[PDB]
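Colleague: One structure, as structure tokens, below. Some questions next.
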Amino acid sequence: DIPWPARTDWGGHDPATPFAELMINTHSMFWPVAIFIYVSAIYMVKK
Amino acid sequence: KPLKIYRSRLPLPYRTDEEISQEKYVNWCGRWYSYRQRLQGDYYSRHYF
Amino acid sequence: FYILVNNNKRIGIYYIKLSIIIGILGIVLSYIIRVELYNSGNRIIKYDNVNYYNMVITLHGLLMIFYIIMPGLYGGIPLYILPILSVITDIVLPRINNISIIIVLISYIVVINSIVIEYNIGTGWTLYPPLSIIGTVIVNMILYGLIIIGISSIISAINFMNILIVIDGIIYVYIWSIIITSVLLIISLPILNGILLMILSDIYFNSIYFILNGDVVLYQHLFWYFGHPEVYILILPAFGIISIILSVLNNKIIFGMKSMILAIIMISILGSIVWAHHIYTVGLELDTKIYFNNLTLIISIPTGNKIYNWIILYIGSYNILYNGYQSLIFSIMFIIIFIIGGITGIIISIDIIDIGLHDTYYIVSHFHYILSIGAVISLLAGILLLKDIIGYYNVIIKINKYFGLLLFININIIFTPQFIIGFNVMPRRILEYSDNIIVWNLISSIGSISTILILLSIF
Amino acid sequence: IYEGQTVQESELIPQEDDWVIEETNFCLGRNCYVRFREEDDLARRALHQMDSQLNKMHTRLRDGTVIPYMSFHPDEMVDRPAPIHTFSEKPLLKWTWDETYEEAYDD
Amino acid sequence: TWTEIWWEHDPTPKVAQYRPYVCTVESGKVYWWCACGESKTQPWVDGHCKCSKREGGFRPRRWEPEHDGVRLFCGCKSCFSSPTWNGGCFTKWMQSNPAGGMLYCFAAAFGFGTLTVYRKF
Amino acid sequence: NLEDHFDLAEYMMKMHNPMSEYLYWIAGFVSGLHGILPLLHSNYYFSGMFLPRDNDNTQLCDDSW
Amino acid sequence: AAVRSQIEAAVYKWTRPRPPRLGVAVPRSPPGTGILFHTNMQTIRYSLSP
Ligand SMILES: CCCCCCCCCCCCCCCCCC(=O)OC[C@H](COP(=O)([O-])OCC(O)COP(=O)([O-])OC[C@@H](COC(=O)CCCCCCCCCCCCCCCCC)OC(=O)CCCCCCCCCCCCCCCCC)OC(=O)CCCCCCCCCCCCCCCCC
Ligand code: HEA
Ligand code: HEA
Ligand SMILES: [O-][O-]
Ligand SMILES: [Cu+2]
Ligand SMILES: [K+]
Ligand SMILES: [Zn+2]
Ligand SMILES: [Zn+2]
């Protein structure tokens with residue numbers, strides 16, 4: 001509904017429509033893949 | 001006919017007779033460096049991948 | 001002489017010098033923005049002078065893109081080393097090289113003069129009509145600057161393409177990076193000129209393209225048909241630099257040279273056909289949206305191959321060599337930072353995610369991480385690598401671990417919170433905002449003042 | 001992919017039992033900012049700079065051949081800082097092949 | 001395992017300790033590190049080990065700190081960042097006692113798993 | 001000539017006049033002023049003040065200062 | 001402790017590495033060739049056996 005202080009709200013917050021829920025879950029679905037892509041690559045940044 | 005170049009007329013960079021007798025040794029070191037390089041490539045590729 | 005010089009290496013120095021000068025104006029504008037956004041209220045801009053903020057954000061974007069980073073990464077480092085990398089005496093077109101830098105300076109003077117003399121209003125750096133065509137004369141002046149800049153960019157692109165005819169050695173990856181950017185410019189600029197002329201026609205010639213029965217969405221197609229190729233015209237030279245630095249400093253031959261080259265070619269072709277991911281919220285047809293979303297995600301493949309080829313360059317390097325040199329640190333930092341920017345780009349590429357994140361500060365943080373952090377650091381790293389060849393001194397940068405650490409920490413303090421407020425949500429191109437978004441905006445503002453202070457320590 | 005030069009076992013056989021790998025230092029030396037003398041004028045400071053080029057340095061091996069300062073790219077081959085005119089004599093990229101012609105030899 | 005199974009023409013050190021040596025070092029001073037593991041003044045060359053006598057390919061390893069402080073030094077004599085320590089002493093120990101290595105790795109992973117899961121959950 | 005071998009020989013040989021550096025920094029300083037001076041001028045033109053007082057466009061407590 | 005040493009000695013024996021199947025075309029070292037290099041060579045990372 002309205003922004004609240006010091007909230008991460010990663011991927012969205014307070015959906016009030018089925019489409020709004022879809023948007024939040026699409027981001028949540030891809031987020032672990034993004035973490036994998038980052039962690040897997042960064043771990044090899046070294047001599 | 002083409003112009004001819006004679007290598008026997010080229011002045012050479014200065015090298016002492018002591019240095020000239022070590023040519024085989026330096027070549028020997030170079031081969032061992034290439035052998036160690038090639039083997040290490042396989043070793044490192046396996047470790048890091 | 002100074003202005004008459006045709007030496008390609010001197011002109012390269014001029015490009016870097018001018019980028020830093022114009023860059024001072026760019027950074028100042030950025031400080032104004034962040035100061036204003038420190039809390040809710042008016043801080044340094046009156047509510048009756050809100051048009052100035054709109055002009056500040058517009059000029060910030062335009063100057064940093066076309067007058068700072070592009071002249072620095074495509075004009076500065078390229079004009080200095082490309083003829084050397086090509087084992088050629090000098091650049092193919094000497095007189096054209098001279099006029100290009102003069103043109104850039106003259107267009108800069110026009111822009112800043114328009115700040116002083118014209119009424120200050122803004123329409124974004126994307127100059128969307130009808131807003132751009134109902135404005136005052138400052139918009140006309142900005143259009144003249146862009147067109148003039150376009151002339152310099154195209155002639156410089158012609159100059160680099162001619163190296164293929166004279167190159168006496170091997171086309172290294174960096175040379176390939178510049179050539180492809182030149183191709184991207186030759187194909188994208190003529191379209192930009194056309195749409196800019198149409199903006200002028202509506203502003204100055206009573207044309208009616210951007211009034212009812214004329215589609216305003218037309219502008220966005222032609223603009224972004226140049227817009228996105230521009231973001232790769234700005235990043236590809238940076239990639240070329242990163243390749244040289246990693247290979248040289250680690251004493252390791254580039255791995256997958258041909259894949260690096262073919263990755264750059266691929267990014268260009270794909271980057272020329274994905275522009276409408278900037279137009280997701282206009283209301284395009286379902287199949288168009290799916291095409292553009294699909295092709296946009298494909299760009300990650302070639303971009304990913306380059307990243308992993310860079311990583312193996314740093315892996316396995318000798319431990320005895322000192323790794324604290326600023327150039328090496330910046331090159332490594334680029335990989336770490338670019339992945340963040342690219343991944344967030346893939347997130348916004350999904351159109352349904354984009355509906356929530358369009359015109360929000362998440363987009364800001366995305367392109368800042370790539371440009372304000374990645375591109376800047378790449379240009380710094382490239383100049384630092386060539387410090388001996390260029391010969392500049394009177395700075396403490398070459399070995400300064402404090403500068404690198406402070407820059408990395410504080411730059412992330414500015415833009416990481418901008419990802420958070422993107423789901424809060426705080427729109428872009430605004431100055432006032434709700435009181436519940438102050439915390440994150442305040443943190444980013446503290447980051448901006450700190451970064452500026454660190455820029456003074458180099459001297 | 002490149003994996004070094006190929007070695008035949010015959011080439012790894014020493015001519016003496018005491019042969020080991022030559023321990024020659026390939027660190028060129030200790031350096032810093034080039035330090036110009038106050039007395040030197042512009043011309044003589046140019047000579048000083050030209051005599052401090054690392055890319056003109058080398059390491060001499062036990063047989064008298066020298067391994068030069070080498071780089072992957074020709075950017076490191078010009079004088080530092082770069083002079084106005086660098087590659088007056090075209091740099092030569094040497095390619096190798098197995099082709100030969102009789103005129104080059106004599107019996 | 002480069003010296004053990006791959007290459008037989010590099011000198012092979014003896015492990016003095018499977019733990020780093022902690023020493024205080026001063027900037028502007030040069031230190032010499034034992035690369036054979038037989039010196040009695042570890043981690044430094046004592047003048048009587050292989051390194052000091054230049055025997056069997058062993059030579060002292062020159063090292064110099066940038067700043068004063070306490071630095072960890074390699075006891076296993078095989079760390080990649082030798083003379084400094086980077087964890088290779090533990091790695092080389094696992095090669096020599098693979099059963100012990102598993103115990104420590106399981107314990108470390110167990111703690112890491114619990115903490116990260118407890119905080120995120 | 002030896003003096004002409006290096007581009008910008010005086011600067012590279014560390015003999016250049018410092019005024020050249022001062023002009024470069026001054027030019028950058030002037031460029032920066034193009035963002036601040038019009039801000040002050042525009043604020044005064046539309047308000048009568050060169051710079052606002054934080055939150056002076058909102059309702060303030062009686063003791064606010 | 002007896003079982004501890006037993007399993008420790010059982011694991012150790014099984015893990016002792018066998019010579020690598022080189023995936024590269026290198027020569028055979030001449031017979032009777034000892035240590036030729038020195039410890040000042042660039043360090044080669046110590047890698048665990050598979
Ligand atoms: C992003 C920032 C941070 C970056 C950090 C990272 C940096 C990493 C490293 C980057 C390195 C890049 C590569 C560097 C290569 C350098 C090569 C080089 O040195 O070339 C030699 C080149 C020239 O040396 P040279 O060969 O001996 O040249 C001899 C001359 O050609 C001949 O000598 P001359 O004496 O005969 O010269 C002629 C001279 C003759 O000069 C004089 O006679 C001067 C007399 C004194 C005047 C002083 C100024 C007075 C101002 C008064 C203002 C009054 C305001 C009143 C207000 C009242 C209000 C109520 O000048 C002129 O006649 C023309 C001057 C034109 C240019 C200056 C323009 C100033 C601004 C004008 C604005 C106008 C706005 C108008 C608006 C109108 C609107 C209607 O060097 C320079 O030009 C200086 C470069 C210095 C910096 C080099 C880089 C160092 C490393 C970076 C440091 C950080 C910089 C940060 C940016 C600046 C921040 C502010
Ligand atoms: C140089 C600058 C630059 C670069 C490189 C990019 C790169 C990318 N950008 Fe761009 N972008 C901008 C600058 C840039 N962008 C700017 C300035 C804007 C805003 C303009 C405005 O609106 O005014 C913008 C806007 C923008 C939007 C608009 C969002 C909105 O308007 O709401 C989108 C969405 O499609 C997008 C997507 C992408 C993608 C998908 C990439 C890809 O190139 C990213 C590719 C990289 C990776 C993917 C990471 C590396 C690869 C791997 C680690 C391999 C593994 C990863 C996967 C398999 C996914 N960008
Ligand atoms: C590459 C271009 C570039 C660069 C460097 C930056 C740098 C910065 N930008 Fe950026 N910014 C844009 C391009 C850029 N920006 C664009 C295109 C927009 C959108 C415009 C629009 O909305 O219309 C934008 C918008 C934008 C906004 C949004 C205002 C709004 O529309 O509401 C904000 C503030 O939040 C901001 C802040 C900053 C800050 C704090 C920095 C930096 O100050 C962070 C700190 C980093 C430094 C101070 C180093 C920079 C140094 C150089 C650039 C010189 C390099 C020269 C050499 C190495 C020779 N930027
Ligand atoms: O723009 O990506
Ligand atoms: Cu785009
Ligand atoms: K505000
Ligand atoms: Zn010893
Ligand atoms: Zn150790």
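The chains in the structure tokens are called A, B, ... from first to last as shown; in each chain the residues are counted from 1, and the ligands are counted from 1 in the order shown.
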Within 9 Å of ligand 5, which residues show up when you count only C-alpha atoms and all ligand atoms? List them as a list in words, please.
Modeller: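 Using only C-alpha atoms and all ligand atoms, I find these residues within 9 Å of ligand 5: residues 224, 225, 227, 228, 229, 230, 231, 232, 271, 274, 275, 276, 277, 278 and 296 of chain C.
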Colleague: Could you take the residues named above and write them with N, CA, C and O atoms, as a compact mmCIF listing (two decimals), in the first residue's frame?
Modeller:
```
# COMPACT_ATOMS: atom_id res chain seq x y z
N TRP C 224 15.88 4.89 -28.77
CA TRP C 224 16.48 3.74 -28.12
C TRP C 224 17.15 2.81 -29.12
O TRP C 224 18.03 2.04 -28.72
N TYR C 225 16.78 2.87 -30.39
CA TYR C 225 17.55 2.16 -31.40
C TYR C 225 18.98 2.65 -31.43
O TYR C 225 19.87 1.92 -31.88
N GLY C 227 19.93 4.37 -28.36
CA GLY C 227 20.20 4.39 -26.93
C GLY C 227 20.93 3.16 -26.44
O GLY C 227 21.95 3.27 -25.76
N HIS C 228 20.41 1.99 -26.74
CA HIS C 228 21.06 0.83 -26.15
C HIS C 228 22.40 0.54 -26.82
O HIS C 228 23.37 0.21 -26.14
N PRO C 229 22.50 0.65 -28.14
CA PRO C 229 23.84 0.53 -28.74
C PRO C 229 24.83 1.49 -28.13
O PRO C 229 26.03 1.20 -28.08
N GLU C 230 24.35 2.63 -27.63
CA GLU C 230 25.23 3.58 -26.96
C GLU C 230 25.81 2.99 -25.68
O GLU C 230 27.00 3.17 -25.40
N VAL C 231 24.99 2.29 -24.89
CA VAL C 231 25.51 1.75 -23.63
C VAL C 231 26.58 0.70 -23.90
O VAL C 231 27.48 0.50 -23.08
N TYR C 232 26.52 0.01 -25.04
CA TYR C 232 27.60 -0.90 -25.40
C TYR C 232 28.74 -0.21 -26.12
O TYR C 232 29.86 -0.71 -26.08
N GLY C 271 23.13 -6.29 -29.31
CA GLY C 271 22.83 -4.98 -28.77
C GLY C 271 22.14 -4.07 -29.76
O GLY C 271 21.53 -3.08 -29.35
N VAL C 274 17.83 -5.14 -29.50
CA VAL C 274 17.14 -5.38 -28.23
C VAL C 274 16.62 -4.08 -27.60
O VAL C 274 16.24 -4.06 -26.43
N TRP C 275 16.61 -3.00 -28.38
CA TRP C 275 16.38 -1.67 -27.82
C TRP C 275 15.07 -1.52 -27.08
O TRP C 275 14.94 -0.68 -26.18
N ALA C 276 14.02 -2.28 -27.44
CA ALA C 276 12.70 -2.01 -26.90
C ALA C 276 12.52 -2.52 -25.48
O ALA C 276 11.41 -2.41 -24.94
N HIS C 277 13.55 -3.08 -24.85
CA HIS C 277 13.44 -3.37 -23.43
C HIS C 277 13.37 -2.10 -22.60
O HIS C 277 13.09 -2.17 -21.40
N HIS C 278 13.62 -0.94 -23.22
CA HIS C 278 13.40 0.36 -22.62
C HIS C 278 11.97 0.86 -22.79
O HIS C 278 11.65 1.94 -22.29
N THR C 296 17.03 -10.04 -25.23
CA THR C 296 17.75 -9.33 -24.19
C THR C 296 18.46 -10.30 -23.25
O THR C 296 19.61 -10.07 -22.86
```
Colleague: Compile the contact shell of range 19-21 of chain G as a PDB file with N, CA, C and O atoms, in the first residue's frame: residues with an atom at most 12 Å away, counting only C-alpha atoms, same-chain residues fewer than 4 positions apart removed.
Modeller:
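Output file selection-v4.pdb is given in full below:
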```pdb
ATOM      1  N   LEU B  39      54.199 -29.483 -18.313  1.00  0.00           N
ATOM      2  CA  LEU B  39      53.621 -30.327 -17.276  1.00  0.00           C
ATOM      3  C   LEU B  39      52.808 -29.507 -16.283  1.00  0.00           C
ATOM      4  O   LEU B  39      51.722 -29.922 -15.869  1.00  0.00           O
ATOM      5  N   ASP B  42      49.106 -28.774 -17.274  1.00  0.00           N
ATOM      6  CA  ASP B  42      48.150 -29.824 -16.944  1.00  0.00           C
ATOM      7  C   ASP B  42      47.832 -29.823 -15.455  1.00  0.00           C
ATOM      8  O   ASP B  42      46.667 -29.926 -15.059  1.00  0.00           O
ATOM      9  N   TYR B  43      48.860 -29.696 -14.618  1.00  0.00           N
ATOM     10  CA  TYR B  43      48.660 -29.721 -13.174  1.00  0.00           C
ATOM     11  C   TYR B  43      47.756 -28.581 -12.723  1.00  0.00           C
ATOM     12  O   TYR B  43      46.802 -28.791 -11.966  1.00  0.00           O
ATOM     13  N   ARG B  46      43.997 -28.802 -13.862  1.00  0.00           N
ATOM     14  CA  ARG B  46      43.229 -29.728 -13.042  1.00  0.00           C
ATOM     15  C   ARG B  46      42.873 -29.119 -11.691  1.00  0.00           C
ATOM     16  O   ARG B  46      41.747 -29.291 -11.206  1.00  0.00           O
TER      17      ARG B  46
ATOM     18  N   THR E   1      50.775 -31.577  -4.396  1.00  0.00           N
ATOM     19  CA  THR E   1      51.264 -32.887  -4.806  1.00  0.00           C
ATOM     20  C   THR E   1      52.151 -32.786  -6.040  1.00  0.00           C
ATOM     21  O   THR E   1      52.520 -33.798  -6.635  1.00  0.00           O
ATOM     22  N   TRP E   2      52.497 -31.555  -6.417  1.00  0.00           N
ATOM     23  CA  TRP E   2      53.317 -31.336  -7.602  1.00  0.00           C
ATOM     24  C   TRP E   2      54.664 -32.034  -7.474  1.00  0.00           C
ATOM     25  O   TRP E   2      55.119 -32.708  -8.405  1.00  0.00           O
ATOM     26  N   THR E   3      55.315 -31.889  -6.322  1.00  0.00           N
ATOM     27  CA  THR E   3      56.597 -32.549  -6.115  1.00  0.00           C
ATOM     28  C   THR E   3      56.433 -34.043  -5.887  1.00  0.00           C
ATOM     29  O   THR E   3      57.348 -34.818  -6.184  1.00  0.00           O
ATOM     30  N   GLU E   4      55.285 -34.466  -5.363  1.00  0.00           N
ATOM     31  CA  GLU E   4      55.136 -35.848  -4.930  1.00  0.00           C
ATOM     32  C   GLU E   4      54.844 -36.789  -6.095  1.00  0.00           C
ATOM     33  O   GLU E   4      55.484 -37.839  -6.218  1.00  0.00           O
ATOM     34  N   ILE E   5      53.895 -36.440  -6.960  1.00  0.00           N
ATOM     35  CA  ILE E   5      53.477 -37.348  -8.021  1.00  0.00           C
ATOM     36  C   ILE E   5      53.684 -36.785  -9.424  1.00  0.00           C
ATOM     37  O   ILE E   5      53.765 -37.574 -10.378  1.00  0.00           O
ATOM     38  N   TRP E   6      53.784 -35.468  -9.603  1.00  0.00           N
ATOM     39  CA  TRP E   6      53.863 -34.892 -10.942  1.00  0.00           C
ATOM     40  C   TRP E   6      55.298 -34.658 -11.404  1.00  0.00           C
ATOM     41  O   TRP E   6      55.675 -35.085 -12.501  1.00  0.00           O
ATOM     42  N   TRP E   7      56.107 -33.984 -10.590  1.00  0.00           N
ATOM     43  CA  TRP E   7      57.421 -33.501 -10.995  1.00  0.00           C
ATOM     44  C   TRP E   7      58.448 -33.939  -9.965  1.00  0.00           C
ATOM     45  O   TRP E   7      58.283 -33.676  -8.771  1.00  0.00           O
ATOM     46  N   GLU E   8      59.507 -34.601 -10.427  1.00  0.00           N
ATOM     47  CA  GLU E   8      60.532 -35.145  -9.546  1.00  0.00           C
ATOM     48  C   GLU E   8      61.847 -34.381  -9.623  1.00  0.00           C
ATOM     49  O   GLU E   8      62.865 -34.873  -9.125  1.00  0.00           O
TER      50      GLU E   8
ATOM     51  N   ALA G  25      51.404 -34.096 -24.026  1.00  0.00           N
ATOM     52  CA  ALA G  25      52.460 -34.863 -24.692  1.00  0.00           C
ATOM     53  C   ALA G  25      53.831 -34.350 -24.257  1.00  0.00           C
ATOM     54  O   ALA G  25      54.469 -33.535 -24.925  1.00  0.00           O
ATOM     55  N   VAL G  26      54.300 -34.862 -23.123  1.00  0.00           N
ATOM     56  CA  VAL G  26      55.599 -34.469 -22.577  1.00  0.00           C
ATOM     57  C   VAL G  26      56.608 -35.598 -22.757  1.00  0.00           C
ATOM     58  O   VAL G  26      56.217 -36.766 -22.887  1.00  0.00           O
ATOM     59  N   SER G  49      45.328 -34.539  -3.854  1.00  0.00           N
ATOM     60  CA  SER G  49      45.075 -35.570  -4.846  1.00  0.00           C
ATOM     61  C   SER G  49      43.569 -35.801  -4.980  1.00  0.00           C
ATOM     62  O   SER G  49      42.812 -35.565  -4.036  1.00  0.00           O
ATOM     63  N   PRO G  50      43.107 -36.263  -6.148  1.00  0.00           N
ATOM     64  CA  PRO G  50      41.652 -36.354  -6.371  1.00  0.00           C
ATOM     65  C   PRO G  50      40.879 -37.069  -5.272  1.00  0.00           C
ATOM     66  O   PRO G  50      39.836 -36.571  -4.833  1.00  0.00           O
TER      67      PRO G  50
END
```
Colleague: So the first atom is CA of residue 45 in chain C and the second is CA of residue 39 in chain F; what is the distance between them in Å, to one decimal place?
Modeller: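 Computing it gives 7.4 Å between the two atoms.
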Colleague: Please identify all polymer residues within 8 Å of range 7-14 of chain F, counting only C-alpha atoms, omitting same-chain residues fewer than 5 positions from it, and present them as JSON, numbers by chain.
Modeller: {"C": [10, 391, 392], "D": [36, 42, 45, 46, 81, 82, 83, 84]}
Colleague: Taking only C-alpha atoms and all ligand atoms into account, which residues are within 6 Å of ligand 3, as a ChimeraX atom specification?
Modeller: /C:16,19-20,23,27,30,33-34,57-58,61,64-65,69,72,124-125,371-372,376,379-380,411,428-430,448,451-452
Colleague: Identify all residues of chain D in strand (DSSP E or B) (DSSP on the backbone) and supply them as a list in words.
Modeller: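 Reading the DSSP output for chain D, strand (DSSP E or B) covers residues 58, 59, 60, 66, 67, 68 and 83 of chain D.
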Colleague: Neighbouring residues of residue 153 in chain C were defined as those with any atom within 10 Å, considering only C-alpha atoms; residues of the same chain fewer than 6 positions away were excluded. Please report them as a VMD selection string.
Modeller: chain C and resid 66 70 to 71 74 to 75 100 to 101 103 to 104 147 159 182 185 to 186 189
Colleague: Could you list, as a PyMOL selection string, all protein and nucleic acid residues with an atom at most 6 Å from ligand 2, counting only C-alpha atoms and all ligand atoms?
Modeller: (chain A and resi 37) or (chain C and resi 231-232+234-235+277-278+296-297+300-301+303-304+339+342-343+345-346+348-349+354+357-359+363+367+370-371)
Colleague: Pick from C:311, C:24, C:249, C:92: nearest to chain D, with only C-alpha atoms counted?
Modeller: C:249
Colleague: Find the residues of chain B in contact range of chain G, meaning any atom within 9 Å when counting only C-alpha atoms, and list them as number ranges by chain.
Modeller: B: 32, 35, 38-44, 47
Colleague: Could you give me, as number ranges by chain, every polymer residue with an atom at most 10 Å away from an atom of ligand 8, counting only C-alpha atoms and all ligand atoms?
Modeller: E: 15-21, 72-93; G: 46
Colleague: What do you get as a tab-separated table (two decimals) with C-alpha atoms, in the first residue's frame if you pick all residues at most 10 Å from ligand 6, counting only C-alpha atoms and all ligand atoms?
Modeller:
```tsv
chain	number	residue	atom	x	y	z
C	33	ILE	CA	21.12	15.82	-6.62
C	34	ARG	CA	22.26	13.79	-3.61
C	35	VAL	CA	22.25	16.81	-1.29
C	36	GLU	CA	18.67	17.61	-2.28
C	37	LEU	CA	17.61	13.99	-1.74
C	38	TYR	CA	19.14	13.85	1.76
C	39	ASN	CA	15.74	14.34	3.43
C	40	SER	CA	12.20	15.40	2.54
C	41	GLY	CA	11.62	19.13	2.22
C	42	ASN	CA	13.55	21.63	0.18
C	43	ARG	CA	17.27	21.64	1.02
C	44	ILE	CA	19.22	23.53	-1.68
C	45	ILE	CA	16.56	24.06	-4.40
C	46	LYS	CA	13.45	26.15	-3.81
C	47	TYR	CA	10.02	24.73	-4.56
C	430	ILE	CA	11.94	13.34	-8.59
C	431	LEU	CA	13.26	15.57	-5.80
C	432	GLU	CA	10.54	15.35	-3.13
C	433	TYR	CA	9.50	11.99	-1.69
C	434	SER	CA	7.59	10.41	1.19
C	435	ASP	CA	9.08	10.58	4.67
C	438	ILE	CA	14.46	9.10	4.03
C	441	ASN	CA	18.14	8.22	0.68
F	54	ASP	CA	15.77	23.06	5.18
F	55	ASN	CA	12.04	22.25	5.25
```
Colleague: Kindly give the distance, in Å, that separates CA of residue 399 in chain C and CA of residue 385 in chain C, rounded to a single decimal.
Modeller: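 Computing it gives 11.6 Å between the two atoms.
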Colleague: Which chains and residue numbers are within 6 Å of ligand 1, counting only C-alpha atoms and all ligand atoms, if I want them as a PyMOL selection string?
Modeller: (chain C and resi 2+13+16-17+20-21+23-24+392-395+455) or (chain F and resi 8+10-11+16-17+20-21+23-30)
Colleague: Just the residues within 7 Å of range 25-31 of chain B, please, counting only C-alpha atoms, with nothing from its chain fewer than 5 positions along; format it as number ranges by chain.
Modeller: D: 7, 11-12, 14, 21, 62-63
Colleague: Could you save those same residues with C-alpha atoms as an mmCIF file, in the first residue's frame?
Modeller:
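Okay, this is what ended up in result_38.cif:
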```cif
data_model
loop_
_atom_site.group_PDB
_atom_site.id
_atom_site.type_symbol
_atom_site.label_atom_id
_atom_site.label_comp_id
_atom_site.auth_asym_id
_atom_site.auth_seq_id
_atom_site.Cartn_x
_atom_site.Cartn_y
_atom_site.Cartn_z
ATOM 1 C CA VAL D 7 60.615 -31.379 -26.122
ATOM 2 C CA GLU D 11 67.233 -32.815 -25.750
ATOM 3 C CA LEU D 12 66.882 -33.237 -21.964
ATOM 4 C CA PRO D 14 72.960 -33.339 -20.024
ATOM 5 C CA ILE D 21 69.310 -24.875 -13.925
ATOM 6 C CA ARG D 62 75.875 -18.073 -19.495
ATOM 7 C CA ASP D 63 76.469 -18.465 -23.251
#
```
Colleague: Pick out the residues no farther than 9 Å from ligand 7, counting only C-alpha atoms and all ligand atoms, and list them as a list in words.
Modeller: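 The distance check yields residues 13, 33, 34, 35, 36, 37, 38, 39, 40, 42, 43, 44, 45, 46, 47, 48, 49, 50, 51, 52, 53, 54, 58, 59 and 60 of chain E.
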Colleague: Please provide the set of residues having any atom within 10 Å of range 1-9 of chain B, restricted to only C-alpha atoms, with same-chain residues fewer than 5 positions apart removed, written as a ChimeraX atom specification.
Modeller: /D:103-105
Colleague: Mind writing the picked residues with N, CA, C and O atoms as a PDB file, in the first residue's frame?
Modeller:
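The result, stored in selection-v5.pdb:
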```
ATOM      1  N   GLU D 103      68.031 -20.934 -53.660  1.00  0.00           N
ATOM      2  CA  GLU D 103      68.945 -19.810 -53.837  1.00  0.00           C
ATOM      3  C   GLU D 103      69.612 -19.413 -52.528  1.00  0.00           C
ATOM      4  O   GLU D 103      70.724 -18.873 -52.540  1.00  0.00           O
ATOM      5  N   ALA D 104      68.957 -19.666 -51.396  1.00  0.00           N
ATOM      6  CA  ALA D 104      69.499 -19.242 -50.113  1.00  0.00           C
ATOM      7  C   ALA D 104      70.695 -20.074 -49.676  1.00  0.00           C
ATOM      8  O   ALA D 104      71.457 -19.627 -48.813  1.00  0.00           O
ATOM      9  N   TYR D 105      70.882 -21.257 -50.243  1.00  0.00           N
ATOM     10  CA  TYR D 105      71.928 -22.172 -49.821  1.00  0.00           C
ATOM     11  C   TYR D 105      73.047 -22.224 -50.851  1.00  0.00           C
ATOM     12  O   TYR D 105      72.884 -21.823 -52.005  1.00  0.00           O
TER      13      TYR D 105
END
```
